[PDB]
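One structure below.
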Amino acid sequence: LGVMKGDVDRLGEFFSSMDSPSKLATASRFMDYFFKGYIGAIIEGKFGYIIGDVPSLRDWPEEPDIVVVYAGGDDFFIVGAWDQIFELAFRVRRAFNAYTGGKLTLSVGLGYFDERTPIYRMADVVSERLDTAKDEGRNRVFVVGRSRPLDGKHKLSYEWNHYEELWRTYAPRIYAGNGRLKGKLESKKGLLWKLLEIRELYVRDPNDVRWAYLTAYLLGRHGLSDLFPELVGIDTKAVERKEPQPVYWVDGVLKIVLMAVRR
Amino acid sequence: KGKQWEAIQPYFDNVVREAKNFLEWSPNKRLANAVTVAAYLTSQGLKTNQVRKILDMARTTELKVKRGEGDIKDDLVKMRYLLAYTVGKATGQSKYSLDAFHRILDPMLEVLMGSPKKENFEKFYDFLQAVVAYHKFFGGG
Amino acid sequence: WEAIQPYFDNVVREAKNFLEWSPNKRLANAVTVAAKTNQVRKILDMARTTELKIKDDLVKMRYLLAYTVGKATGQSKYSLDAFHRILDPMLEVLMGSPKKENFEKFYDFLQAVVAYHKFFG
Amino acid sequence: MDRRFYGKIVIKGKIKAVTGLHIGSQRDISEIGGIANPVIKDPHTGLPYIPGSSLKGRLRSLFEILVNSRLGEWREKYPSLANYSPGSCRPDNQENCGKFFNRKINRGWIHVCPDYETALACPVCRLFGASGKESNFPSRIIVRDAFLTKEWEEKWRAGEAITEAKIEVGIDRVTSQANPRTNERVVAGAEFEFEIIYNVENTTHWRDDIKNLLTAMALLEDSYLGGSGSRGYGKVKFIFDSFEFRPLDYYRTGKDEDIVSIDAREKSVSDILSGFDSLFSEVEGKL
Amino acid sequence: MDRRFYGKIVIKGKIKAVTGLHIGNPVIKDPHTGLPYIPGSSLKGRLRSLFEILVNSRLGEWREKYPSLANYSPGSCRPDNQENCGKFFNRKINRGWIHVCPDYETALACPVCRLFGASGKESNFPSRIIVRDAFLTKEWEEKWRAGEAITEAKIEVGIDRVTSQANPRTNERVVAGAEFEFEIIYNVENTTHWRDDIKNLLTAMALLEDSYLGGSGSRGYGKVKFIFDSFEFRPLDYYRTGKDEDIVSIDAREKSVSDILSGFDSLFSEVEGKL
RNA sequence: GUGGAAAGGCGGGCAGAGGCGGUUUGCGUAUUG
RNA sequence: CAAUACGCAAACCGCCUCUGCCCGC
Ligand SMILES: [Zn+2]
Ligand SMILES: [Zn+2]
């Protein structure tokens, strides 16, 4: 069950910009009609000119299985089929970024919970995955429960633009669509778990470079030397920026491809 | 191709012997050089089946570093002369390929007899597997 | 350069008993020892036979070792008697010795000599 | 409905790998240089071992087939074999067909009775175990992982090898094209200590349930135990150390009153030989 | 579909080499005991390769009795890169062509692949014989202990013609006369056709006594001589009672060609009553 | 004078099926010191 | 009068292609 709960950030600072009752009644109504009216037309499957292409496991159905629980005007809480809520969050954010003229942003905190789960825990964990994606940069999406080092240099939830290029690189080369994998990568779903084991060596020791050759060898034995060129080599640009290595970002982009297959 | 095998090897050999001890640098250097080690061994054949006796000799006492013994004398004896026995049994066109692989490990083995046993041989064994792993990635096995 | 080899002849005369060194001296002897393959394999492979196996064979292992230098004559005794002069002073000890132990350090010395023989040529 | 407890017949012994033994599991876990077909080895010692699933599975799959052949006449001996016919459910995708092999695991068909009442009478699943929706008969045997005997630990200490690398090749019939490979297998003659515990739940039917275990073992000595197997790589042989009864009065008190059967120098076929009434005769006195 | 089990015909015996044998320059040996030995794959993969070649010539005589021989013409897929076509050798392993029928019901009907087993894509039919390794016999275990050499060496030479340039090497062969002990167990699964597979396995053995066993073979490195000891049957009732209810077939002084020939139908007569 | 009391994350599953260490190459020839 | 001049192997072939978590709360 794919729960998402996201809200507009810095909105209380935005309504203090208005300086008359003519101006505040407008800005609190155009902001009102996005999460009231125009979020219905997104889920109905419209506006491809405005949105473009989202990180999407399969193209949008005619009658999607989405249940809008609540959507207030600053806030929303939407449940649904857990790989369409994944598609919807990048489809809500993209349409919100053109409804506003590129000025206000969302912070969507995605969770994934089983059907046998009480709702008072689903709202509890997702709202904490929200405040994880709120206190860091206020323009960033949480996607999957992900393990991190205890340094503080490594922040969890993905920036919106930073994630949607990780889908453009990693996904159309290891995933084809509709819950199946690319050519000759089937009977190698054990590989992508092993590739997420080498990410778990980066977490016990970030300083080790044991992940650099294990990345190159496992692609060698399986004959898949062409996939993942960003992961086989270290980035000297990423060391001096004190940003995570490209094996840190690969966890969330692999799991969505992996969970969309039966795994 | 082979023109990279002439230039990059002669760029790396003076850097090879000048760091003869296996405890040269635990930082990003020994992994950055190790790709260049397999970069001029790429254009050579470098078959692994003759090395399987040496690597299993490195394997069977890698557990014995790990609370097995505190003596790597009897193992590292067996690694020195068999690696000389590698050209000492196999000659030919694979000999010119295996002479360049001889000159990196033989400075590091002589450290390991008088070295620490928990340390400085792990720093060798990590440089052992860095040579093999990229060699599978450039197209050799 | 024969005197530096004769300086190594004292090192061959140094290891009178078996336990010469557990360290680099067995190699460092053998580097200077190896500084014809087909004449020795009735001791080389004969060492491989007796390792898995005893006492009555070791006399034959000493009888064949003198049978090599007693066959080849002329210019073919020089390095023959030299290579004769290394092995038997480590085999006169090993008659009354442990068999599975105490021989390994010569069994690893015997193999190390031919190893650098093919590298130097 | 009515699960009881009377003791645990413990079968202690030593598995002797007469031919090279091969099991095989995962490789390349934070590791580069291997032979790429390694027998499963536990990480704390780095020695090979026979697992329990590789022995309980092969004792099971050699006892589906014996039942599958004599399905016709054992409906009187054992009820709930009248739900079955000899054959597979493979030609028509049904989890309950008329035939015997009824449950789809992933893409293969393994006999598991669907209920507690159906599996209580079935000769296979009353011993090795069963499953279902909501009914779920659990097993009786605990086949434990077998490790090397006190002797073969020391041959790893003394310096003797335990795994060998056999090179096999494939050949074209026309151009004689050699297609080689390597296998890591256990050295032939190594010896693992197994232990098979039989949880005696009903005193009505243990004689006809120990005999079924010694039937699946006596087939395993003629068949192979895992690995390539048809080309020699199995050939395993049970060497029984001691049968022990471990009664109910043992567990409360602690007295060494457990009934020990005599199985010193006997084959697995010699226990089931005429004398099974004499080897386990004093177990009848305790019931 | 419908794997069954009636018993396991056990073919004990002793492989004899009248002429010296080679496997593979050392002959491979048992590590724990030091002795050389004839493996399993060199005796099951040798009988298959002297039976896929025998079936290749005769696709007109066996096709009336065996189905799924009509699906192949006698040939080879070595020039034409096609997996399953008219030519008889269909599987490219990596570079070699071995006849494996790609289905259960093709291999159920195939005369080779019902006996020497067959892989497949989602079919994977398994074998009916299991061929075990052959170590030394207990009277020849003791010649290793007595120092009578169980092996030997052999120096050949390779003559370049023009300069008469001798290029010698040292082969290492098992000495002629050394005797092993083999083991083939036939897993009787289908009572309709086992008259075939016992007269069909001995077919592959009889061509082997004319051919070589491992090694070079065209120079002297073969000469198997199967000395049989006793067939037994091991019925399903043998594994429940544990009796000596296994029907002994007398072949103490008989040959592979002396069982497959007249004399067959009286030996296996009590097994037919046991089916 | 305790948001407490009682509650096994587990019942069923052989890393298995197929695969020849292989093919050719004559312990020899050439002349003298 | 009897031998010594020299050769201890070269090659290619190195894994393959099928399967990869269900059931029940
Ligand atoms: Zn059942
Ligand atoms: Zn076939």
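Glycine also receives a Cβ, built like all others from the backbone with ideal geometry; neighbour counts cover every protein chain displayed. What follows is calculated from the coordinates using simple rules that are stated; it is not laboratory data.
Per-structure values
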| quantity | calculated |
| --- | --- |
| Selection from the range E:30-56 of residues that are outside any loop (DSSP other than H, G, I, E, B) and at the interface with chain D (Cβ under 7 Å from one of its Cβ atoms) | E:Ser41, E:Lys44, E:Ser49, E:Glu52, E:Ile53 |
| Restricting the range D:88-102 to residues that are within 16 Å of RNA strand G (Cβ to nearest atom) and within 18 Å of E:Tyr104 (Cβ to Cβ), the residue that is surrounded by the most Cβ atoms within 10 Å (Cβ to Cβ) | D:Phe101 |
| Some residue of the range E:62-73 being more than 24 Å from D:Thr182 (Cα to Cα) and within 9 Å of another protein chain (Cβ to nearest Cβ) | no |
| Test result for E:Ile130, in a strand (DSSP E or B) and surrounded by fewer than 19 Cβ atoms within 10 Å (Cβ to Cβ) | no |
| Every pair of residues 6+ apart whose Cβ atoms lie under 6 Å, when the first sits in the range B:1-28 and is within 19 Å of B:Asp99 (Cβ to Cβ) while the second is of a type outside the set (A, V, I, L, M) | B:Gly2/B:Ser43; B:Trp5/B:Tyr40; B:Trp5/B:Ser43; B:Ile8/B:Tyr40; B:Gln9/B:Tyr40; B:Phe12/B:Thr36; B:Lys20/B:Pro107 |
| Candidates E:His32, E:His22, filtered to the one that is more than 16 Å from ligand 2 (Cβ to nearest atom) and touching a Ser or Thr at 6+ places or on another chain (Cβ under 7 Å) | E:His22 |
| Qualifying residue in the range D:137-149 (condition: away from RNA strand F (no atom under 13 Å from the Cβ), among the β-branched types (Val, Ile, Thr) and touching a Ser or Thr at 6+ places or on another chain (Cβ under 7 Å)) | no |
| Test: residue in the range A:118-140 that is in contact with an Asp or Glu (Cβ under 8 Å, 6 or more places away or on another chain) and under 25 Å from A:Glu200 (Cα atoms) | yes |
| Qualifying residues in the range E:160-196 (those that are exposed (fewer than 12 other Cβ atoms within 10 Å of the Cβ) and among the β-branched types (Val, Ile, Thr)) - the one nearest to E:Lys12 (Cα to Cα) | E:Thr192 |
| Extreme residue, surrounded by the fewest Cβ atoms within 10 Å (Cβ to Cβ), among residues of the range D:42-73 that are of a type in the set (A, V, I, L, M, F, W, C) and touching a helix residue (DSSP H, G or I) at 6+ places or on another chain (Cβ under 7 Å) | D:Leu47 |
| Residue count, the range B:92-104 (criterion: polar (S, T, N, Q) and surrounded by 14 or more Cβ atoms within 10 Å (Cβ to Cβ)) | 2 |
| Qualifying positions in the range E:151-166 - more than 8 Å from RNA strand G (Cβ to nearest atom), farther than 23 Å from C:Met46 by Cα and within 14 Å of another protein chain (Cβ to nearest Cβ) | none |
| Meets criteria (buried (at least 16 other Cβ atoms within 10 Å of the Cβ) and among the polar types (S, T, N, Q)) for A:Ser147 | no |
| Pairs with Cβ under 6 Å, 6+ apart, first in the range A:96-120 and in a helix (DSSP H, G or I), second hydrophobic (A, V, I, L, M, F, W, C) | A:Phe96/A:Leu106; A:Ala98/A:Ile50; A:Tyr99/A:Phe34 |
| Subset of the range A:167-193 (residues that are surrounded by fewer than 17 Cβ atoms within 10 Å (Cβ to Cβ) and assigned to a helix (DSSP H, G or I)) | A:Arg168, A:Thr169, A:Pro172, A:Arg173, A:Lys189, A:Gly190, A:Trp193 |
| Set E:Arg132, E:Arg145, E:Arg114: member being in contact with a helix residue (DSSP H, G or I) (Cβ under 7 Å, 6 or more places away or on another chain), under 30 Å from D:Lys237 (Cβ atoms) and not hydrophobic (A, V, I, L, M, F, W, C) | E:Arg114 |
| Subset of the range E:103-123 that is within 15 Å of RNA strand G (Cβ to nearest atom) and not in a loop (DSSP other than H, G, I, E, B) - its residue that is nearest to the other protein chains (Cβ to nearest Cβ) | E:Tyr104 |
| Helices (runs of 4 or more DSSP H) lying entirely in the range A:21-70 (those with 3 or more residues that are over 21 Å from the mean Cα position of the chain (by Cα)) | A:21-33 |
| Pick from the range A:194-206, criterion within 11 Å of chain D (Cβ to nearest Cβ) and among the acidic types (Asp, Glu), ranking: surrounded by the most Cβ atoms within 10 Å (Cβ to Cβ) | A:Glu197 |
| Qualifying residues in the range D:241-269 (those that are touching a helix residue (DSSP H, G or I) at 6+ places or on another chain (Cβ under 9 Å) and under 16 Å from D:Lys211 (Cα atoms)) - the one surrounded by the most Cβ atoms within 10 Å (Cβ to Cβ) | D:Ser268 |
| Number of the exception - E:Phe116 against (1) under 30 Å from E:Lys29 (Cβ atoms); (2) more than 11 Å from ligand 2 (Cβ to nearest atom); (3) surrounded by 18 or more Cβ atoms within 10 Å (Cβ to Cβ) | (2) |
| Test: D:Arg231 is under 30 Å from E:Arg46 (Cα atoms) and either in contact with a helix residue (DSSP H, G or I) (Cβ under 8 Å, 6 or more places away or on another chain) or within 14 Å of chain E (Cβ to nearest Cβ) (or both) | yes |
| Pair list, Cβ < 6 Å and 6+ apart or interchain, from the range A:239-263 residues that are farther than 30 Å from B:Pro27 by Cβ to residues that are of a type outside the set (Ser, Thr, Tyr) and outside any helix (DSSP H, G or I) | A:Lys255/A:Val144; A:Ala260/A:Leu57; A:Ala260/A:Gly179; A:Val261/A:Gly179 |
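So that you can scan it fast, the table gives a plain yes or no per residue for (1) assigned to a loop (DSSP other than H, G, I, E, B); (2) within 19 Å of the chain's Cα centre (by Cα); (3) closer than 30 Å to D:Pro86 by Cα; (4) more than 16 Å from ligand 2 (Cβ to nearest atom):
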residue	(1), (2), (3), (4)
E:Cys101	yes, yes, yes, no
E:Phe125	yes, yes, yes, no
E:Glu139	yes, no, no, yes
E:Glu142	no, no, no, yes
E:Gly147	yes, no, no, yes
E:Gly177	yes, no, no, yes
E:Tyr186	no, yes, yes, yes
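Conditions tested, residue by residue: (1) under 30 Å from D:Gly87 (Cβ atoms); (2) outside any helix (DSSP H, G or I); (3) in contact with a strand residue (DSSP E or B) (Cβ under 8 Å, 6 or more places away or on another chain).
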| site | (1), (2), (3) |
| --- | --- |
| E:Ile155 | no, yes, yes |
| E:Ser164 | no, yes, no |
| E:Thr170 | no, yes, yes |
| E:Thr191 | yes, yes, no |
| E:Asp197 | yes, no, yes |
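Residue-wise test of (1) more than 10 Å from RNA strand F (Cβ to nearest atom); (2) closer than 30 Å to D:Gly20 by Cβ.
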position: E:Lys65; (1), (2): yes, no
position: E:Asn71; (1), (2): yes, no
position: E:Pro74; (1), (2): yes, no
position: E:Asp80; (1), (2): yes, no
position: E:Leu108; (1), (2): yes, no
position: E:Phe125; (1), (2): no, yes
position: E:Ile155; (1), (2): no, no
position: E:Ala166; (1), (2): no, no
